[PDB]
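> Once you've seen the sequence and the experimental structure below, I've got questions.
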Amino acid sequence: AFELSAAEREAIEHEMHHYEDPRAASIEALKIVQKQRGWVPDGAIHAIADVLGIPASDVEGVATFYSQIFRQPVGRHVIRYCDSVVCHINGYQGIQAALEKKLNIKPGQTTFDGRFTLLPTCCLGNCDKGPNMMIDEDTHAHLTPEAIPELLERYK
Amino acid sequence: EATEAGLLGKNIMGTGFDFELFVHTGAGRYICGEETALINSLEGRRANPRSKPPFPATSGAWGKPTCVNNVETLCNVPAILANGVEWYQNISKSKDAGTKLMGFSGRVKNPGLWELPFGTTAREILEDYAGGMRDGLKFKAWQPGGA
Amino acid sequence: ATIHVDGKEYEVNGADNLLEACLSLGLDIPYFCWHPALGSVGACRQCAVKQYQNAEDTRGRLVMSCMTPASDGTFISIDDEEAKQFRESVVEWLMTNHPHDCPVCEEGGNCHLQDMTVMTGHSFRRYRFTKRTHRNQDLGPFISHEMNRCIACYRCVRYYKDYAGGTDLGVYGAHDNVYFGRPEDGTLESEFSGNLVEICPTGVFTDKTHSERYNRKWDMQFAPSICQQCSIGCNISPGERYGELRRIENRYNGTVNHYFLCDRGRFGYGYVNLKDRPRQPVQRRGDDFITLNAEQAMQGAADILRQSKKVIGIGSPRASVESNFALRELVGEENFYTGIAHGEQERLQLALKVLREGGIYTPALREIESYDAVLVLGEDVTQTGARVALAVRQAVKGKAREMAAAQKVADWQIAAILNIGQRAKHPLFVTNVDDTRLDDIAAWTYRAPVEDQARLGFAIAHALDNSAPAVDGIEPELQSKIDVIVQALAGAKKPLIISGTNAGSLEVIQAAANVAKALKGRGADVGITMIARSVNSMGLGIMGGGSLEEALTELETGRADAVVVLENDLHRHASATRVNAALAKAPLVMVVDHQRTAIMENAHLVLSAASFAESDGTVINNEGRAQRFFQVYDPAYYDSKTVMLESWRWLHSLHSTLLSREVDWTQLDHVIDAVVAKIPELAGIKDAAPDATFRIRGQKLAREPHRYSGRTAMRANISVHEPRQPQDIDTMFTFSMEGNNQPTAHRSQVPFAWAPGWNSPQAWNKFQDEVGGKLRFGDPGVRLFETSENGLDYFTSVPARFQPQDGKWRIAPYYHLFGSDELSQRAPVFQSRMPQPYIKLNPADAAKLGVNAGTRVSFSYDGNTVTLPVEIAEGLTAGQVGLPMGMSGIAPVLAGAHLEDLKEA
Ligand code: SF4
Ligand code: SF4
Ligand code: SF4
Ligand code: FES
Ligand code: FES
Ligand SMILES: [Ca+2]
């Protein structure tokens, strides 16, 4: 029983104004729903298809294609550690082991508090600043394994 | 700020040229950087690339002629039309004209990003701008472009 | 243009693809993502060849055959070392994560991946790691889903979205965990989802109706037949095993039904293997239903018909031309009545008048796709005969094709064409009593009563030509859209007008003929198509005869004491109580049919006729072309007590026993000669297929493949002695494999496509001169119709507006694809697909009645108060009520009739 709110519908229509097609605004509509509710539920696909006009199969394909459109319920904060090569040379496995020891989860899983969701990321685009990890639109650089519980405990 | 100060809108500096700019933040895929896949993602589809020789310059986004250019590519051109042309060809004695944001990365003394003219050797960048290897590393390999 | 393959010169087209140019020459290049009807993409990389620049070149470059133009002066190599080992690597990559379940798979000998794995010569495996799996989905009663078999060549999604226009299938996922399916679990609501069974080169989308009672391809006894489910007459290949029809496949014909069927014709074959069908002649005395053989039935029936004072024959629009003519010879011409209602027969006759006397060309199914502006008047095309609607979708996409061709991009790459298009659609104007499935692509949809659609057509014809009669009372808000249609059709180079007899009104046919004539007056290349009701209704109209009502009056009057009803239920074309009373008043009732109908009770003699799987016959398309269908199997091979003869055979032997007191089991060609000698306008039906004495190099053509297994143990459960093979004296076919199915054989009718190395449905490309075009050595079926030199007159009869009246309700047909056919509802797999019996009401009409949606209502027709659940139709108009025709208790002739006493139950 999904229902788009007024603010979500106004944001979707405003993004529809910026393009030649509502299909071009499908991805930003999915991002708006993800920002508002943490993730994209099953009825949100049909809601986007109804407000846009494009089929729900296209919306589901867009939602399942891009990596940062979560179709599963995630925690309140998504930890996104860099999986790439420069952070491998600087060392991301130490901070990944630190995150796994602190949270007692695996990547792709969420904590039992519904608080943190550990995920790898393609690339943060900040390779010259040591190991990198993004939590809730906040990037973090020059990471060490011993600085992980301090950086994790300042979040809600 | 640009659309407040008369730029980036309609009738720009009294010319009569209408241009308006949007920012389309992607939902995250490495394939989206390819220009045809950029066009497909901009149209809000799955970002599968398209096949050339139907090029974006003749048939791109929504079937219209578009072009896709990098941030650096679009950022060198104000210097060209503000300083000169032969000045741009005379900043480096090489057939790759212009300056490029070079720089080493990965367990060096000073990882960073420096604008250097083309023809600069990688040893110069590593041993001078990047500071070289740290105390205990032997530099067994490198890539010109990352990954 | 000329090309050089392996240092050998070839003359191919320059405007087509290189893969299809090489496949048209009989060369073998493996391919997965390319289809002749879907364009070319790069979803696989299987068609790789090595292209050079000039004649003397060694290095080359690996290019795709489906993405390289076949221009003049290309030098390609197919079977060099590098391209062969690269294609071996590509099939190795595709088969890296592929389940080890070929013997338990539905494809088996029909799989394209098997053929292209063998063709590339890849047998050894060096991939030692783990595979990839996916969960399956429930796609409905017809399509079984097995996603693990997929190779991600994107052909299903491309067909279903780009070609079929469906909104269910799609691509999900990412790099390697890619998915092809629906976002949820549910039935594929597109009417063309059955083509995914053969579109998919793997076993992902398979036939559930063939999943139940499954056999392999080589075990199927095939025949070339015509689909009997509606009037489009798509060429099919029914294949049977063990005495029951098991699977209908597509049969290629580059003029009608090239590559795709609809779901009704694909999955409505379940009525021919019902266990309640008549298998023997049964005669009743009192309450005793005894069983006779053929000779005793003919002798007894001839005796009772001789002792009768007047005989009348009631034909059917589902029987063949031969069967209806055999009835027309059994009874007199002066008393021979076509078993359809007077209004429906009148609509059929005027549609035939527009066809063969309107002076306007009627296009075939393939060339509908070349038109530039389609106007559908009154017809629910996507639901009555859906293949014309699919061709209309292709004709709509023709505008994007034209815009791409203006930019000099080749026509075989559909991705650039759809990129250039971007919802650029040819003008489609559909009119119906409610919403259609073509509304997503239509330029305009007109939801109105049927008379209002007729007045819309008359207004279009008047605004296109002032000699046409004018319409009074057109509102300016409707006149603006009238003008929109007029400027859309006037600027079109090839406008197309579609109508049919299912609209339930004469004036819709009149208005469509008027619009076509007005377009022909201004020098346009206008075509007209009419969708008839049943498979051979146009042939029955060409044959002619009285209506069913005249037969009924002849029955209760007492003038005729003997009635012979050939393959007619008689409740679809007239009211049930009147037909029952007329048949009970008749001292002799004979029913020659293969389906257990309602009138077989209290019918004094029942002849077990044969369906299309067990009979030979000729049927005329809606466009007017006369194709013919062949017998698939002998019903007397297993359980030989059943005789199950052809309908024309039964009636001809009954006529011979009536005249000379002896039976005459005649031949098909004798009946064909009798038709072309007696009826001059049916003289073209001896040109569809040659005689039974037609052989290619002295031998017949095989109904079954050369690897037909288990011949000596097929009938061993009842007799260890192998019987003689059934002798087919009627036609050009032999019931064994000792025949000919060579692709390079001088014939037009192919039972099944098989080539060495091509065991899939993609073996049809070996049977054509060029792939994706017409079939080699012509096409089955001749047109039988020539365009008249002069047209008809402007039909002055313009109907008035539909004014709603209190206490009466106008009935509007809906015509569901899975439930508005008499032979389709009897299929056990359709019964889960048809909707529940319902009735549609307007919100204003429901508010006036005080009835909420979903609750029962009661309405009285023919003195019978029946209760149906209501549902709210937004697109319906006030003063009307909507019904699904063809269903149980709801006759198709109920369209356009009145209704009384809509009271809540
Ligand atoms: S399901 Fe079949 S048609 Fe669709 S991509 Fe996979 S193999 Fe191709
Ligand atoms: S689809 Fe073809 S290759 Fe795959 S399991 Fe079935 S028969 Fe084997
Ligand atoms: S369109 Fe008509 S003739 Fe063709 S397959 Fe469907 S039901 Fe049969
Ligand atoms: S490699 Fe980690 S930020 Fe780029
Ligand atoms: S057939 Fe798939 S790449 Fe050409
Ligand atoms: Ca026969």
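Right, received. Where do you want to start? Numbering: from 1, shown residues only, chains lettered A, B, ... in the order given. Ligands and ions are numbered 1, 2, ... in the order given.
> which residue does chain A bring closest to chain C?
For chain A, the residue closest to chain C is residue A:57, as judged by Cβ to the nearest Cβ, at 3.1 Å. Bear in mind the C-beta positions are built from the backbone N, C-alpha and C, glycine included.
> Surely that residue is in a helix?
Yes - assessed with DSSP: H, G, I helix; E, B strand; the rest coil, residue A:57 lies in a helix.
> Could you tell me which residues make contact with it?
Counting by Cβ atoms under 8 Å, 6 or more residues apart in numbering or on different chains, residue A:57 touches C:161, C:167, C:168, C:169, C:170, C:182, C:183.
> list the contacts for the third one?
What it means is residue C:168. Taking Cβ under 8 Å, 6+ apart, one finds A:55, A:57, C:160, C:182, C:186, C:188, C:189, C:190, C:193 in contact with residue C:168.
> That one and residue C:145, how far apart?
12 Å (Cβ to Cβ, to the nearest Å).
> and the nearest residue to residue C:365 once chain neighbours are set aside, how far is that from residue C:234?
In this structure, residue C:365 finds its nearest non-sequential neighbour in residue C:256, 4.1 Å apart by Cβ to Cβ, 6 or more residues apart in numbering or on different chains. Distance of residue C:256 to residue C:234, given as Cβ to Cβ: 7 Å.
> if I look at the two, which residues touch both of them?
Contacts common to residue C:256 and residue C:234, judged by Cβ under 8 Å, 6+ apart, are residue C:365.
> rewinding a little: please identify which of the contacts of residue A:57 is nearest to ligand 4.
Nearest to ligand 4, judged by Cβ to the nearest ligand atom, of the contacts of residue A:57 is residue C:170 at 32.8 Å.
> Report the beta-bridge partners for that closest one.
With DSSP bridges as the criterion, residue C:170 is bridged to residue C:181.
> Isn't it up against residue C:158?
No - Residue C:170 is beyond contact range of residue C:158, at 10.8 Å (criterion: Cβ atoms under 8 Å).
> coming back round to it: against residue B:42, how distant is the residue of chain A closest to chain C?
20 Å.
> and what of residue A:1?
33 Å.
> Look up the closest residue to residue 136, ignoring the ones flanking it.
You didn't say which chain, so I picked chain A. residue A:77 (5.1 Å).
> that's the wrong chain, I meant chain C
residue C:145 (4.8 Å).
> Same check on residue C:579?
In space, residue C:579 is closest to residue C:570, 4.8 Å off (Cβ to Cβ, 6+ apart).
> One more: residue C:253?
Per Cβ to Cβ, 6+ apart, closest to residue C:253 is residue C:235, 4.4 Å.
> So which residue is smack in the middle of the chain?
This is for chain A. Residue closest to the mean C-alpha point of chain A, counted by Cα atoms, centre = their mean, is residue A:68 at 4.3 Å.
> Chain C, not that one
residue C:234 (4.1 Å).
> What count of nearby residues applies to the residue in chain A that ligand 3 sits nearest to?
Here chain A gets closest to ligand 3 at one residue, residue A:55, 23.9 Å apart by Cβ to the nearest ligand atom. By other Cβ atoms under 10 Å in any protein chain shown, the residues close to residue A:55 number 21.
> how many other residues sit next to the closest residue in space to it that isn't next to it in sequence?
Nearest non-adjacent residue to residue A:55, counting by Cβ to Cβ, 6+ apart: residue C:167, 3.7 Å away. Residue C:167 has 19 neighbouring residues, counting by other Cβ under 10 Å.
> Strands along chain A, start to end?
With DSSP state E, the ranges of strands along chain A come out as A:77-82, A:116-121, A:133-135, A:138-140.
> Then the stretch 151-300 of chain C?
C:170-172, C:179-181, C:205-207, C:221-222, C:225-226, C:235-241, C:244-250, C:282-285, C:288-291 (DSSP state E, counting those that start in this stretch).
> Likewise for chain B?
Taking DSSP E as the criterion, chain B carries its strands at B:99-102, B:114-117.
> Could you pull out the buried residues of the first one?
The reference is to strand B:99-102. Within strand B:99-102, the residues that count as buried by 16 or more other Cβ atoms under 10 Å in any protein chain shown are B:99, B:102.
> In its sheet, which strands sit next to it, and in what direction?
With DSSP bridges as the test, strand B:99-102 pairs up with strand B:114-117 (antiparallel).
> got a list of what residue C:412 touches?
Residue C:412 touches C:16, C:17, C:20, C:39, C:40, C:66, counting by Cβ under 8 Å, 6+ apart.
> Let me fix that, I meant to ask about residue C:715.
Counting by Cβ under 8 Å, 6+ apart, residue C:715 has contacts C:637, C:638, C:722, C:723.
> mind putting those residues in CSV, neighbour count included?
Supplementary listing: the contacts of residue C:715 in CSV, determined by neighbours: other Cβ atoms under 10 Å in any protein chain shown:
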residue, neighbour count
C:637, 16
C:638, 15
C:722, 12
C:723, 11
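> still on that earlier bit, my guess is the residue nearest to the centre of chain C contacts residue C:255, does it?
No - Residue C:234 sits out of contact with residue C:255 when judged by Cβ under 8 Å, with a separation of 11.1 Å.
> Now list whatever residues contact both of those two.
residue C:365.
> how many neighbours does the residue in chain A positioned nearest to ligand 5 have?
Closest residue of chain A to ligand 5, Cβ to the nearest ligand atom: residue A:61 (20.7 Å). For residue A:61, the tally of surrounding residues (other Cβ under 10 Å) stands at 24.
> any idea how far the longest helix along chain B is from the chain center?
Longest helix in chain B, counting residues (DSSP state H): helix B:71-83. Here helix B:71-83 is found 11 Å from its chain centre; the criterion is Cα atoms, centre = their mean, to the nearest Å.
> and that helix, what other elements does it pack with?
Packing partners of helix B:71-83 (3 or more Cβ pairs under 8 Å, 6 or more residues apart in numbering or on different chains; DSSP states H and E): helix B:86-89, strand B:99-102.
> Any buried residues in the first one, and which?
What that stands for is helix B:86-89. residue B:88.
> And the residue in the stretch 201-350 of chain C positioned nearest to ligand 4, how far from residue C:880?
The stretch 201-350 of chain C approaches ligand 4 most closely through residue C:204 (38.0 Å), counting by Cβ to the nearest ligand atom. Separation of residue C:204 from residue C:880 (Cβ to Cβ) stands at 44 Å.
> What segments of the chain are helices?
Assuming you mean chain A. According to DSSP H, the helices that chain A contains are A:6-17, A:26-37, A:42-52, A:56-65, A:86-90, A:93-103, A:148-152.
> my question was about chain B
B:35-42, B:71-83, B:86-89, B:122-124.
> Out of those helices, which one sits most buried?
helix B:35-42 (a mean of 21; mean count of other Cβ atoms under 10 Å in any protein chain shown).
> Give me the contact status of that helix with chain C.
No - judged by Cβ under 8 Å from any Cβ of the partner chain, helix B:35-42 stays clear of chain C, getting no closer than 8.7 Å.
> How about residues contacting that helix?
A:24, A:27, B:24, B:26, B:29, B:31-32, B:46-52, B:56, B:60-61, B:66, B:68.
> How about stretch C:327-341?
Under Cβ under 8 Å, 6+ apart, the answer for stretch C:327-341 is C:310-317, C:319, C:345, C:348, C:537, C:540-541, C:543-551, C:554, C:560, C:564-566, C:568, C:570, C:573-574, C:651-652, C:654-655, C:658, C:674, C:678, C:893.
> do stretch C:157-164 as well
Outside stretch C:157-164, the residues that reach it (Cβ under 8 Å, 6+ apart) are A:57, C:35, C:37-39, C:41, C:166-171, C:180, C:190, C:192-193, C:195-196, C:199, C:260, C:390, C:393-394, C:397, C:414, C:418.
> same question, stretch C:212-219
C:106, C:108-110, C:239, C:241-242, C:244, C:246, C:705, C:707-710, C:754, C:759, C:829.
> Whichever of the contacts of stretch C:157-164 end up buried, select them in ChimeraX.
This is how ChimeraX selects the buried members of the contacts of stretch C:157-164, with burial counted by 16+ other Cβ under 10 Å:
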select /A:57 /C:35,38,39,41,166,167,168,169,170,171,180,190,192,193,195,196,199,260,390,393,394,397,414,418
